[PDB]
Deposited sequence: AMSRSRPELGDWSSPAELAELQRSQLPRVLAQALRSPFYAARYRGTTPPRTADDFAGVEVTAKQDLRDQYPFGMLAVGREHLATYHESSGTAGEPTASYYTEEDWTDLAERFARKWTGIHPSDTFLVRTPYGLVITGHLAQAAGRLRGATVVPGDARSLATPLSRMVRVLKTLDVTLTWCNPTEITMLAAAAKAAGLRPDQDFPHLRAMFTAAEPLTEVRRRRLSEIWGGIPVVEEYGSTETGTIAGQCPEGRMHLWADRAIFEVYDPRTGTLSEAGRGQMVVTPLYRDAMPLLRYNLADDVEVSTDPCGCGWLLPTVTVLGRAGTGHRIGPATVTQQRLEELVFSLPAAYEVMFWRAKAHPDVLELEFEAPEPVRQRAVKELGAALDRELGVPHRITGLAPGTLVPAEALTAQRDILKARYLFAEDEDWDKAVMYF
């Protein structure tokens, strides 16, 4: 590496060489970790870990530790070196703070930019995740700028950017790439149809859709691809606290970015850490100064395999998993496979289910002509695959996902205090 310090795919040719690329960083990482109040307090009366060998003995860092240290208990650098500050999704009541130096950001941007489809100057990249405190909009934008793509900041959950306006942007700007959660991929598809555009034909420049943030079955991922004309739906896995830790290969598996972090699986029964198997995703990022994390337990239920993939990347794969009803165990993943196995022509995208002690209640939207078939087929799928008692109800479109979410436009107004006689002064101080 003449110019770059941080590793790339191909700097190692064996699992043995990957482990050495990792362990060589641990002295710096362990020295940096001890600079934070949290780790200096953890190792108070003892000898701190310093060497790659000492790492074996290092205690897990829990989500609750990150919350107890709010806001800067995990901080290992002077505040003058921070570039951005972030907070996690979930509960507003117990915030999880994350923060990054400029150089931390180069590692974050590189990991997001590991998109098998590429990101190029030729791309127009719609970033359709929130920019409010969470990292996700900032992360995609930073990766877009790193690779020279035109970034369209769509934001998400903003009154400035309803779906109708995103559909017009996708079409008229010839957008080539999107970043949004998998539910937003279906929201955009429904908004396109309500504008009289066919997601499968009317966006010929759209070449890939980047997604994360929800457990996503291959059956649902394939349907989302088919809705949008058979283009790749490129999954990644991360968190505000870690950045992107795994990205899809051309074969459709997520591979751990183990050159940039030590990945371990925590068995909460035994409290053992292992390089692979089923249990809780544990991460030690190797290229971060501001907020060192030693064996941070994301508490996501994962399966990590060192088994080779068809792609040939020399990295482990990860599946992210994320209610029992009499004899059967019913998961969202299993129901999602059954819902998204209904024929595409039935247009079933929006659904929800509740586990009662004795019965699974499930609702979905479908057009009237196909609704009774969709109810019957999905019932028979549940009988055949799970054998749970069910109450399935088909609903009119606009019942779960209202028409106004899909078609309403909103002016981006500023506060006004003086109105003409014929104006609505309801928009005076509450103008959003």
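**OP:** In sequence order, name the stretches of the deposited sequence that have no C-alpha in these coordinates.
**Re:** No coordinates exist for the deposited residues in 323-327, so this stretch alone is absent from the model.
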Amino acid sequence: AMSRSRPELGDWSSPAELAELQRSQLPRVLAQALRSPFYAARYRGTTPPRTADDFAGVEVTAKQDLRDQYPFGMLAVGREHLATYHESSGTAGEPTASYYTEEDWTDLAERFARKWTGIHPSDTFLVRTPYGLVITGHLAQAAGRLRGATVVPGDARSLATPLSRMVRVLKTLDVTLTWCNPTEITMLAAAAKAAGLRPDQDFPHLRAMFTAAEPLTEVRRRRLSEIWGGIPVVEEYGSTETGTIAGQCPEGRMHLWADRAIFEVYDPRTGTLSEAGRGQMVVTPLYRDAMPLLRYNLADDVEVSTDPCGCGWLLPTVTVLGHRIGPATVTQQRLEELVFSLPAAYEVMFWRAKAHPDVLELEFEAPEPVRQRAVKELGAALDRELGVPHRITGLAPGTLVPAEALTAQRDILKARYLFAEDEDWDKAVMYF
From here on, numbers count along this sequence of modelled residues.
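Only the largest set of C-alpha atoms that superpose within 1.5 Å between the two forms is called the rigid core.
Original post:
Superpose by the rigid core: which stretch, 358-366 or 324-332, shows more Cα shift in 4 other deposited structures of this protein?
Top reply: Between 358-366 and 324-332, greater C-alpha deviation in 4 other deposited structures of this protein belongs to 324-332.
Subject >> Mean Cα B-factor comparison, 262-270 or 242-250, giving the higher one as deposited >> reply: Mean CA B-factor is higher for 262-270.
**OP:** Identify the stretch, either 383-391 or 27-35, whose C-alpha atoms have the larger mean B-factor according to the entry.
**Re:** Looking at the recorded C-alpha B-factors, 383-391 comes out higher on average.
Original post:
Say you rank 404, 65, 377, 365 by Cα B-factor from the PDB entry; which sits at the top?
Top reply: Highest C-alpha B-factor among the listed options: 377.
Original post:
Which third of the chain does residue 130 land in by C-alpha B-factor: lowest, middle or highest?
Top reply: Its C-alpha B-factor belongs to the lowest third of this chain's values.
**OP:** For residue 306, return the chain-relative third of its C-alpha B-factor as stated in the PDB record: lowest, middle or highest.
**Re:** According to the entry, residue 306 has a C-alpha B-factor in the chain's highest third.
Original post:
Sorting the chain's CA B-factors, does residue 146 end up in the lowest, middle or highest third?
Top reply: Middle third, going by the recorded CA B-factors of the chain.
**OP:** Just say lowest, middle or highest third for the CA B-factor of residue 321 relative to the other modelled residues in its chain.
**Re:** According to the entry, residue 321 has a C-alpha B-factor in the chain's highest third.
Original post:
residue 172's Cα B-factor: lowest, middle or highest third of the chain?
Top reply: Residue 172: CA B-factor falls in the middle third of its chain.
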